[PDB]
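> Chains as they are written, first to last, in the deposited numbering: chain 1, 241 to 320; chain C, 36 to 167; chain Z, 2 to 53; chain K, 28 to 128; chain X, 35 to 391; chain F, 35 to 242; chain G, 294 to 342.
Idealized CB from N, CA, C, for every residue including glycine.
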Amino acid sequence: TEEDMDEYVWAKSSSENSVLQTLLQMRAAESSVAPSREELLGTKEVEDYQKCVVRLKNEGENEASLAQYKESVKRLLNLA
Amino acid sequence: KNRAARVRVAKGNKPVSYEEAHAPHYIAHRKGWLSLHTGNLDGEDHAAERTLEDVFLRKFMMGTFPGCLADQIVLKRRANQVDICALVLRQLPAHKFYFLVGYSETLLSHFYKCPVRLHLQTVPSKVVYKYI
Amino acid sequence: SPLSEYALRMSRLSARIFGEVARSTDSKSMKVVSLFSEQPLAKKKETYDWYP
Amino acid sequence: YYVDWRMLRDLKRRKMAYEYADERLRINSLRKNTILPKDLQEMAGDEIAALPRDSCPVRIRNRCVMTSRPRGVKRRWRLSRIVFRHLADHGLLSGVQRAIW
Amino acid sequence: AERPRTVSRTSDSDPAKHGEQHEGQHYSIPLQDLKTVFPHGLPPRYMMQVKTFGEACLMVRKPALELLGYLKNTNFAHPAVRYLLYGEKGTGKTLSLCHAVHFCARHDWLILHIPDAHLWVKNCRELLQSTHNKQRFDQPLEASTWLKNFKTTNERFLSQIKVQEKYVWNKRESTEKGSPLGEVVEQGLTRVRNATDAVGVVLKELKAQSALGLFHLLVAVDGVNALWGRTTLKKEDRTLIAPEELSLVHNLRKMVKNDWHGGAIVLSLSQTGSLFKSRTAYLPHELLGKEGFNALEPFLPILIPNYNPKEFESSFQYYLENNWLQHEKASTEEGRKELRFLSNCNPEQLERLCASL
Amino acid sequence: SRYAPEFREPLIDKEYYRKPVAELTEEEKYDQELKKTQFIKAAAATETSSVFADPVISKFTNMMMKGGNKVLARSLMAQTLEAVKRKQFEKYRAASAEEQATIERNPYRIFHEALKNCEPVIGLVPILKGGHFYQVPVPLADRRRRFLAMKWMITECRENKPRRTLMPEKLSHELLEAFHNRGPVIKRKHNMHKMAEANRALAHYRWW
Amino acid sequence: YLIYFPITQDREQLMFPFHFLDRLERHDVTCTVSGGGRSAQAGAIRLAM
Ligand SMILES: Nc1ncnc2c1ncn2[C@@H]1O[C@H](COP(=O)(O)OP(=O)(O)OP(=O)(O)O)[C@@H](O)[C@H]1O
Ligand SMILES: [Mg+2]
Ligand SMILES: [Mg+2]
Ligand SMILES: [Mg+2]
Numbered sequence: 241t242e243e244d245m246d247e248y249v250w251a252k253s254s255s256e257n258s259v260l261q262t263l264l265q266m267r268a269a270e271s272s273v274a275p276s277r278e279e280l281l282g283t284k285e286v287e288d289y290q291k292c293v294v295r296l297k298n299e300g301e302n303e304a305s306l307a308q309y310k311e312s313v314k315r316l317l318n319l320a
Numbered sequence: 036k037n038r039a040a041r042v043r044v045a046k047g048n049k050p051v052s053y054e055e056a057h058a059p060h061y062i063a064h065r066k067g068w069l070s071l072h073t074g075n076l077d078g079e080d081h082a083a084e085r086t087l088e089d090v091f092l093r094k095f096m097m098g099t100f101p102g103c104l105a106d107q108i109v110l111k112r113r114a115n116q117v118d119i120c121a122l123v124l125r126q127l128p129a130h131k132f133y134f135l136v137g138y139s140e141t142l143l144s145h146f147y148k149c150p151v152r153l154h155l156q157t158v159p160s161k162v163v164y165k166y167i
Numbered sequence: 002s003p004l005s006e007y008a009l010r011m012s013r014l015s016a017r018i019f020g021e022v023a024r025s026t027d028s029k030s031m032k033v034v035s036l037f038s039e040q041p042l043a044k045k046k047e048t049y050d051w052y053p
Numbered sequence: 028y029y030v031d032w033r034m035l036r037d038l039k040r041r042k043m044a045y046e047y048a049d050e051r052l053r054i055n056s057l058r059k060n061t062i063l064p065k066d067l068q069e070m071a072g073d074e075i076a077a078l079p080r081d082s083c084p085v086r087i088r089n090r091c092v093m094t095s096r097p098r099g100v101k102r103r104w105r106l107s108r109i110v111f112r113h114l115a116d117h118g119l120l121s122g123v124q125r126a127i128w
Numbered sequence: 035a036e037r038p039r040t041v042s043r044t045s046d047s048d049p050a051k052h053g054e055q056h057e058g059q060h061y062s063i064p065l066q067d068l069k070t071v072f073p074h075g076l077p078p079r080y081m082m083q084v085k086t087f088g089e090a091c092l093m094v095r096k097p098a099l100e101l102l103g104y105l106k107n108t109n110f111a112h113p114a115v116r117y118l119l120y121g122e123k124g125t126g127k128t129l130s131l132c133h134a135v136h137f138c139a140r141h142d143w144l145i146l147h148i149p150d151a152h153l154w155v156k157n158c159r160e161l162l163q164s165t166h167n168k169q170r171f172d173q174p175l176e177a178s179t180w181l182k183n184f185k186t187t188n189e190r191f192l193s194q195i196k197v198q199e200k201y202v203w204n205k206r207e208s209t210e211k212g213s214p215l216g217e218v219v220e221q222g223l224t225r226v227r228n229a230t231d232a233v234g235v236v237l238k239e240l241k242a243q244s245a246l247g248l249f250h251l252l253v254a255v256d257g258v259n260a261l262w263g264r265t266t267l268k269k270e271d272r273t274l275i276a277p278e279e280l281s282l283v284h285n286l287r288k289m290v291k292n293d294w295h296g297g298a299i300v301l302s303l304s305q306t307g308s309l310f311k312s313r314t315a316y317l318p319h320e321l322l323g324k325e326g327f328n329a330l331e332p333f334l335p336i337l338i339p340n341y342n343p344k345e346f347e348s349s350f351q352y353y354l355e356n357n358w359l360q361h362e363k364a365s366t367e368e369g370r371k372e373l374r375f376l377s378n379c380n381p382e383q384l385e386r387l388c389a390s391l
Numbered sequence: 035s036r037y038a039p040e041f042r043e044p045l046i047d048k049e050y051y052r053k054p055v056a057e058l059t060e061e062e063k064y065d066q067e068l069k070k071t072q073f074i075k076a077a078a079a080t081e082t083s084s085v086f087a088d089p090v091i092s093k094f095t096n097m098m099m100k101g102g103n104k105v106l107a108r109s110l111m112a113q114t115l116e117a118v119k120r121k122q123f124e125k126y127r128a129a130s131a132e133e134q135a136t137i138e139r140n141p142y143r144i145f146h147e148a149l150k151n152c153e154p155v156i157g158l159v160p161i162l163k164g165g166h167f168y169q170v171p172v173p174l175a176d177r178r179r180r181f182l183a184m185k186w187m188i189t190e191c192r193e194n195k196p197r198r199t200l201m202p203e204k205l206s207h208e209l210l211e212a213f214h215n216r217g218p219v220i221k222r223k224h225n226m227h228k229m230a231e232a233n234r235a236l237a238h239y240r241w242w
Numbered sequence: 294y295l296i297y298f299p300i301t302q303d304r305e306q307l308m309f310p311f312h313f314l315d316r317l318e319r320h321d322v323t324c325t326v327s328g329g330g331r332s333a334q335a336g337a338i339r340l341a342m
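Structure follows, in structure tokens:
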């Protein structure tokens with residue numbers, strides 16, 4: 241299970257589901273036809289967000305790494 | 036008043052050796068230890084057996100050399116070797132000492148199953164540190 | 002936390018390699034391992050050879 | 028000759044516990060568990076009781092090897108406080124000194 | 035001098051006007067907004083400062099300006115965004131969250147403000163079981179207090195919003211579909227047994243109806259790390275309960291999810307009052323854990339730091355402006371420098387040191 | 035003591051050392067030169083150059099401490115001063131402009147003037163003359179006069195208070211009542227002085 | 294030092310060296326104190342500084 245794993249693997253994790261669910265709700269609000277799962281998780285925005293979550297989980301959590309995670313969320317969620 | 040190992044004062048006519056003059060609180064300060072083994076060092080075993088052997092070895096030498104011991108013996112253990120260093124008065128003939136050395140070594144080597152050697156330094160008479 | 006199947010099966014694989022108790026044993030039944038892994042008090046040279 | 032009759036009884040207790048150590052271990056192991064039927068454990072509870080009382084290792088007392096004093100003994104040297112002080116205060120114990128601090 | 039005393043107050047009572055120019059300036063919260071927007075959620079020591087000084091003034095700061103910016107640009111069509119205010123003890127997280135609650139309250143949002151969420155996982159003296167689910171437990175007193183405050187804050191919107199379903203409180207009492215949401219709140223206060231269930235109806239109704247565009251919804255939970263942690267409550271078997279079992283905790287965990295739209299979620303972390311957490315733990319993963327972190331991600335972490343040089347002088351002049359620092363040597367340059375060292379520019383430490391002086 | 039008699043008590047006055055050389059009296063100037071060839075005691079953990087450190091209040095804190103709990107005793111004093119500042123601010127705000135002038139809102143100044151109101155000029159020493167206990171009027175030193183005021187305060191609050199009241203609430207209420215010469219600690223001073231008048235003629239028995 | 298020394302009296306002890314010479318806010322100190330209690334560790338740092 242995920243708990244057993246010592247090194248976080250974003251693939252097939254709670255993070256991937258939570259991100260995918262949010263991105264699915266975001267495209268639906270845009271009125272776009274339901275998109276593919278691979279399409280949503282292939283974007284660069286999702287690529288960077290994966291790297292930041294992995295750093296927090298594996299490299300270590302600190303204000304510097306949390307600042308990097310803050311920027312990835314802003315790009316992923318299209319926040320100003 | 037403390038009485039332990041203290042040779043008391045009389046009228047200045049009692050000879051005492053250096054070992055006798057010094058009370059227990061001078062041990063490690065002015066006078067050393069008569070026995071030197073590794074059994075009381077930290078994390079070491081067989082202290083009880085080294086201490087019991089010493090008690091016997093001192094009674095044995097007193098009886099084997101009756102009236103011929105000028106001072107307490109010094110026991111030195113190295114590896115399984117035992118070394119007994121005794122100051123002995125020059126009372127007995129020379130050949131008698133050679134008999135008692137051969138006897139006391141062989142007997143104590145077959146009793147404790149270790150090599151035991153006897154070292155005898157002969158003094159003309161007991162050495163007096165002070166008259167108390 | 003609970004031990005999942007992977008955790009429990011790994012623990013048994015470890016005990017099997019290091020020669021530890023592999024089953025779930027009560028604290029009471031772990032004394033049998035203690036009794037047979039330790040020299041009894043009566044068999045120690047300090048006890049039976051206490052006296053000269 | 029040992030120091031006294033009390034030291035002699037202790038010596039026999041120490042020599043009979045050594046003979047019955049394996050036996051009392053094997054039997055008592057059958058009782059210190061929860062994996063065997065209680066009928067066997069109740070029967071092992073009596074086999075251990077039937078062994079001679081001097082085999083029991085809690086009847087050994089540590090006495091000064093030189094004076095047979097039951098209390099006041101130091102387990103590292105097996106001597107009473109009175110006998111230890113005589114050897115220590117004369118420089119006869121290797122490395123023992125008075126504690127000033 | 036008193037040059038920062040000019041910087042220690044601002045005339046912009048309305049939270050929308052505030053901007054970077056207003057940083058390090060204390061804006062007074064109107065008296066009516068204290069007894070309506072903030073019947074709860076303000077820190078206990080700050081409440082003493084509001085009573086003694088006779089006026090509530092909240093320093094405008096860069097962390098709280100960043101958050102207000104996001105709330106202004108909220109895309110209601112998109113799913114709700116969780117903003118997590120994380121910082122060390124005494125840095126001002128609770129009052130930064132109260133700043134956002136004031137901005138939304140003045141723009142006619144529907145305030146769902148949980149003042150402290152640690153109070154729901156400890157020191158409960160009445161713990162009943164739930165009819166809805168027998169596994170879960172009901173906290174009658176904890177829910178009743180929140181409802182009375184939720185009523186005061188959102189009294190205006192309690193008549194407009196109307197239930198979309200029928201709720202049977204008892205065999206003899208039920209809520210007909212279409213009735214105002216105030217009736218659900220009224221029954222909860224009247225009958226304490228249903229208080230823990232009225233809350234669940236309120237949270238469910240507002241979450242569902244918000245997406246219809248009737249109102250906006252600010253879910254302001256301070257101390258959110260309590261939800262996914264451990265509890266110090268024991269069952270009849272003298273066995274510790276878990277947060278999921280509790281009714282109030284279970285309902286709230288849904289509100290902090292981003293599966294709805296039409297509002298924004300503002301969260302705050304507090305190690306103070308936390309159970310089984312170290313004294314020096316403030317980071318989000320340390321307090322939330324693995325369960326809490328996964329629940330809230332993706333969230334926007336907003337660091338609340340210690341006072342900067344401008345903010346420290348503004349706070350120092352505010353105390354001097356109210357005669358709080360009565361010691362003769364406090365106004366001097368050596369007093370100020372000493373208080374900067376002992377406090378270390380931490381807002382809480384400065385308030386405590388000045389209290390004795 | 036681990037300090038030899040040749041050690042000198044440290045002087046922790048910041049302004050004293052930085053004064054211009056000419057501003058120092060030659061007596062002080064001489065001591066500084068002598069101290070350069072002497073041993074100085076290390077400063078206490080609570081001895082600092084802080085501008086907010088008051089010896090009188092620090093001493094009052096140590097007389098309340100139990101079992102070396104300085105954190106608790108200092109917390110109790112910090113809570114007291116705050117409870118007095120908050121009690122005067124309430125009165126000041128709820129008072130007219132004329133009344134506002136008189137009201138004192140400095141807790142440090144209420145504490146010092148409170149204690150001084152409780153200090154007694156004369157005390158009593160118990161004496162057994164001819165197998166009978168008599169207490170003779172004595173004139174109290176500056177040290178004995180100060181100790182008794184602090185001791186009488188810490189004892190009225192510790193004992194003669196309701197069970198659920200707290201020391202910051204009883205001590206604050208007593209410092210302010212002594213500050214106005216109305217409290218029970220002041221009444222203890224009045225009784226001590228009144229008894230001295232009763233024993234006015236029995237001071238002869240003094241031998242010390 | 295605010296985190297390591299939650300007690301005011303310990304922080305005041307660290308202030309004494311710099312405050313005495315009016316050198317507050319002019320130096321950056323990195324300390325390594327091992328052994329003793331809270332008060333003994335602040336006092337040891339005070340002398341070292
Ligand atoms: N923006 C502010 N305006 C005025 N005072 C402030 C502000 N931020 C912090 N303070 C001061 O700091 C104190 C503590 O603030 P607050 O309770 O918000 O901090 P916190 O970091 O949430 O605390 P905790 O970690 O204990 O939950 C306040 O009572 C006040 O004295
Ligand atoms: Mg006899
Ligand atoms: Mg016994
Ligand atoms: Mg807080």
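1) Could you check if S258 (chain 1) belongs to the surroundings of ligand 4, using beta carbon to heavy atom distance under 6 Å?
2) Quick check on this structure: which residue in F249 (chain X), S304 (chain X), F191 (chain X) and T273 (chain X) has the alpha carbon closest to the alpha carbon of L261 (chain X)?
3) Could you tell me the boundaries of the beta strand (DSSP E) in which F333 (chain X) lies?
4) Kindly indicate which residue of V294 (chain 1), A269 (chain 1) and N318 (chain 1) has the alpha-carbon position closest to the one of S253 (chain 1).
5) For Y201 (chain X) and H284 (chain X), what's the separation of their Cα atoms in angstroms?
6) Measuring CA to CA, which of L106 (chain F), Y168 (chain F), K121 (chain F) and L205 (chain F) is closest to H238 (chain F)?
7) Just checking: is the beta-carbon of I296 (chain G) within a distance shorter than 7 Å of some beta-carbon in chain X?
8) Does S15 (chain Z) have its Cβ less than 7 Å from a Cβ in chain 1?
9) Under 7 Å between the Cβ atoms of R120 (chain F) and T108 (chain X)?
10) Within the present structure, is the beta-carbon of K127 (chain X) separated from the nearest heavy atom of ligand 4 by less than 6 Å?
11) What residues from chain X crowd round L115 (chain F), counting only those whose CB sits closer than 7 Å?
12) Counting only Cβ pairs nearer than 9 Å, list the residues of chain X close to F213 (chain F).
13) What did DSSP end up calling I188 (chain F) once you bin it into helix, strand or coil?
14) Closest Cβ-Cβ distance between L376 (chain X) and chain G: below 7 Å?
15) Does the segment 299–319 of chain G come close enough to the segment 181–193 of chain F that 3 or more CB-CB pairs lie under 8 Å?
16) Who are the near neighbours of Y126 (chain F) in its chain, counting only those whose CB is closer than 8 Å to its CB and skipping five residues on each side?
17) Relative to the C-alpha of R105 (chain K), which candidate in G118 (chain K), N89 (chain K) and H113 (chain K) has its C-alpha closest?
18) How long is the line joining the alpha carbons of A268 (chain 1) and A274 (chain 1), rounded to whole angstroms?
19) Would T314 (chain X) count as contacting chain G if we go by Cβ distances under 7 Å?
20) Just tell me which of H154 (chain C), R112 (chain C) and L92 (chain C) has its CA closest to the CA of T73 (chain C).
21) Terminal residues of the continuous beta strand (DSSP E) containing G157 (chain F)?
22) Where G222 (chain X) and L162 (chain X) are concerned, what is the direct C-alpha to C-alpha distance, given to the nearest angstrom?
23) Should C388 (chain X) be labelled buried (16 or more other beta-carbon atoms within 10 Å of its own) or exposed?
24) Assuming contact is defined by CB atoms lying nearer than 7 Å, are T187 (chain X) and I145 (chain X) in contact in what I supplied?
The relevant details are as follows:
1) In the first sequence, counting from the first residue as 1, residue 258 (chain 1) sits at position 18. No, Cβ of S258 (chain 1) sits at least 6 Å from all heavy atoms of ligand 4.
2) By 1-based counting over the fifth sequence, the position of residue 261 (chain X) is 227. For the residues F249 (chain X), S304 (chain X), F191 (chain X) and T273 (chain X), the minimum Cα distance to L261 (chain X) belongs to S304 (chain X).
3) Counting from 1 along the fifth sequence, the entry for residue 333 (chain X) is found at position 299. Counting along the chain, the beta strand (DSSP E) containing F333 (chain X) begins and ends at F333 to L337.
4) Against the first sequence, residue 253 (chain 1) aligns to sequence position 13. The shortest C-alpha separation from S253 (chain 1) is found at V294 (chain 1).
5) Start at 1 with the first residue of the fifth sequence, and residue 201 (chain X) comes out as number 167. Start at 1 with the first residue of the fifth sequence, and residue 284 (chain X) comes out as number 250. Rounded to whole angstroms, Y201 (chain X) to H284 (chain X) spans 19 Å at the Cα level.
6) The residue given as residue 238 (chain F) occupies position 204 in the sixth sequence. The option with the nearest alpha carbon to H238 (chain F) is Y168 (chain F).
7) As a first step, residue 296 (chain G) is located in the seventh sequence; it is residue number 3 there, counting from the start. Answer yes: the Cβ-Cβ gap between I296 (chain G) and chain X drops below 7 Å somewhere.
8) Looking up residue 15 (chain Z) in the third sequence gives position 14. So no, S15 (chain Z) is outside the interface.
9) In the sixth sequence, the residue the question calls residue 120 (chain F) occupies position 86. In the fifth sequence, the residue the question calls residue 108 (chain X) occupies position 74. No, these two residues do not count as a Cβ contact at 7 Å.
10) Within the fifth sequence, residue 127 (chain X) is the residue found at index 93, counting from 1. Because some heavy atom of ligand 4 lies under 6 Å away, the Cβ of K127 (chain X) counts as near it: yes.
11) Stepping through the sixth sequence from its first residue, residue 115 (chain F) is reached at position 81. Within 7 Å Cβ-Cβ: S390.
12) Taking the first residue of the sixth sequence as position 1, residue 213 (chain F) is located at position 179. Per Cβ cutoff of 9 Å: no residues; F213 (chain F) is ~14 Å from chain X at best.
13) Locating residue 188 (chain F) in the sixth sequence gives position 154, counting from the first residue. Here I188 (chain F) sits in helix by DSSP.
14) For the purposes of this step, residue 376 (chain X) is taken as residue 342 along the fifth sequence, with counting starting at 1. For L376 (chain X), the answer is yes, since a Cβ of chain G falls inside 7 Å of its Cβ.
15) no
16) Walking along the sixth sequence from the start, residue 126 (chain F) turns up at place 92. Only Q134, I137 and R139 meet the Cβ criterion.
17) As a first step, residue 105 (chain K) must be located in the fourth sequence, where it is residue number 78. Of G118 (chain K), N89 (chain K) and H113 (chain K), the residue nearest in Cα terms is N89 (chain K).
18) Looking up residue 268 (chain 1) in the first sequence gives position 28. Looking up residue 274 (chain 1) in the first sequence gives position 34. Taking the straight line from one Cα to the other gives about 7 Å.
19) Position 280 of the fifth sequence, counted from the start, is the residue given in the question as residue 314 (chain X). With 7 Å as the cut-off, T314 (chain X) counts as an interface residue toward chain G.
20) Within the second sequence, residue 73 (chain C) is the residue found at index 38, counting from 1. Here the closest residue by C-alpha is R112 (chain C).
21) Numbered from 1 along the sixth sequence, position 123 holds the residue referred to as residue 157 (chain F). Per DSSP, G157 (chain F) belongs to the beta strand (DSSP E) from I156 to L162.
22) Taking the fifth sequence and counting its residues from 1, the one referred to as residue 222 (chain X) is at position 188. Taking the fifth sequence and counting its residues from 1, the one referred to as residue 162 (chain X) is at position 128. Cα to Cα, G222 (chain X) sits roughly 15 Å from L162 (chain X).
23) Looking up residue 388 (chain X) in the fifth sequence gives position 354. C388 (chain X) should be labelled buried.
24) Sequence index remark: in the fifth sequence, residue 187 (chain X) carries index 153 (1-based). Sequence index remark: in the fifth sequence, residue 145 (chain X) carries index 111 (1-based). In this structure, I145 (chain X) lies closer than 7 Å to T187 (chain X) by Cβ.
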